[PDB]
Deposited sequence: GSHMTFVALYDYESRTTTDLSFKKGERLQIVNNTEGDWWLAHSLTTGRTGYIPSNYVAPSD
C-alpha cells in the first residue's frame, strides 16, 4: 500500500484527487495509475506525492 504525503487536486479527467493520509494501491512514467482504498476512485497520481 502507499500513503499520500500531500493533498492532490486533479488537473485532468483521468487524474485521481486525493487527501494527505489516503491509502492507495498502485495498479501500474512519473504518473502512476492508483486506486484509492479510501474513496474507491482510480486515476493517475504524481509518484513523488506518495510513499510506501
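Fill in: Missing CA stretches, deposited numbering from 1, N-terminus first
Coordinates drop out over 1-4, 33-35, 60-61.
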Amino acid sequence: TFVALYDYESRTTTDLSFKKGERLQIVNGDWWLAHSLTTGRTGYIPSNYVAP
From here on, numbers count along this sequence of modelled residues.
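Practice prompt. Output the stretch having the higher mean C-alpha B factor in the entry; the candidates are 35-43 and 6-14.
Written response: It is 35-43.
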